[PDB]
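Undergrad: Here it is: the structure, laid out below.
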Amino acid sequence: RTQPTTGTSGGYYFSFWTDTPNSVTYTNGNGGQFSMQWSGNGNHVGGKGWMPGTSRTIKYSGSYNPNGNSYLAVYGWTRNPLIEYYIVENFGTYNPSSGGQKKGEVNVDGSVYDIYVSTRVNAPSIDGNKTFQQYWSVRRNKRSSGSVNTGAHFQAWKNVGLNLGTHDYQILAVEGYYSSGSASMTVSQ
Ligand SMILES: CO[C@@H]1OC[C@@H](O)[C@H](O)[C@H]1O
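Shown next as structure tokens:
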């Protein structure tokens, strides 16, 4: 019953979703810039990227400041099979991959990522209420700027048996869940 405000801005595809519009302010800037700012109640996920996504190298920079449940990550979806994937570059409080079965590890882009897999039952997705899997690559050394070899993560996932379907959208997402925080992030290739 909540569908995301999608579109184009600065030569990039953008997606911004929230169940509490008054708790969060999402703003598109020139180029690949976007700024999100939130506090209090609500679930907010916003960002800029590509549609569809692929095995590309995603450069990004800017400031990211969390206070509670929040993450800065390369975030996207695939179909057949339906899969939500994360390349968590940064996060606050709470490790978003908590409760995720660890499938392995991978060393890429100046750090080591832990690989997890979890399952969401009867949860909101790009195809509405469905049961789907989530792939996780969590960066041990958090950062707010750098580059992400998504293809490398996809390969490392494919090794441990976490295969993907045909890609939907692929954005640099800032997320906040019943917390406060703010980020000004510019994306690039
Ligand atoms: C948090 O998951 C959200 O759930 C609904 C989908 O429409 C959005 O794309 C996705 O971000």
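Mapping the sequence shown onto the authors' numbering, position 49 (from 1) lands on 50, and the numbers just tick up by one. The beta carbon of each residue, even a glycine, is placed where N, CA and C say it ideally should be.
Inspect the beta-carbon positions of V175 and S98 and report whether they are closer than 9 Å.
TA: Counting from 1 along the sequence shown, the entry for residue 175 is found at position 174. Counting from 1 along the sequence shown, the entry for residue 98 is found at position 97. It is not a contact, given that the beta carbons lie outside the stated cut-off.
Undergrad: Is the beta carbon of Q38 less than 9 Å from the beta carbon of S146?
TA: Within the sequence shown, residue 38 is the residue found at index 37, counting from 1. Within the sequence shown, residue 146 is the residue found at index 145, counting from 1. Not closer than 9 Å, so no.
Undergrad: With DSSP as the reference, please indicate the residues paired to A174 in a beta bridge.
TA: Along the sequence shown, one-based indexing puts residue 174 at 173. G48 and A74.
Undergrad: Looking only at its own chain, which residues have a Cβ that is under 8 Å from the Cβ of residue 1, when we skip the five neighbours before and after it?
TA: Given that the chain is displayed from residue 2 to residue 190, the structure contains no residue 1 and the question cannot be resolved.
Undergrad: Do you know how far the Cα of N142 is from the Cα of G54?
TA: Here residue 54 corresponds to residue number 53 of the sequence shown, with the count starting at 1. Here residue 142 corresponds to residue number 141 of the sequence shown, with the count starting at 1. Near 25 Å, if we compare the C-alpha coordinates of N142 and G54.
Undergrad: Exposed or buried, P22, counting other C-beta atoms within 10 Å across all chains shown (16 or more means buried)?
TA: The residue given as residue 22 occupies position 21 in the sequence shown. Exposed: under 16 other Cβ atoms inside 10 Å.
Undergrad: Touch check for the region 63-81 and the region 103-113: three-plus C-beta pairs under 8 Å?
TA: Contact between the region 63-81 and the region 103-113 is absent, because fewer than three Cβ pairs lie under 8 Å.
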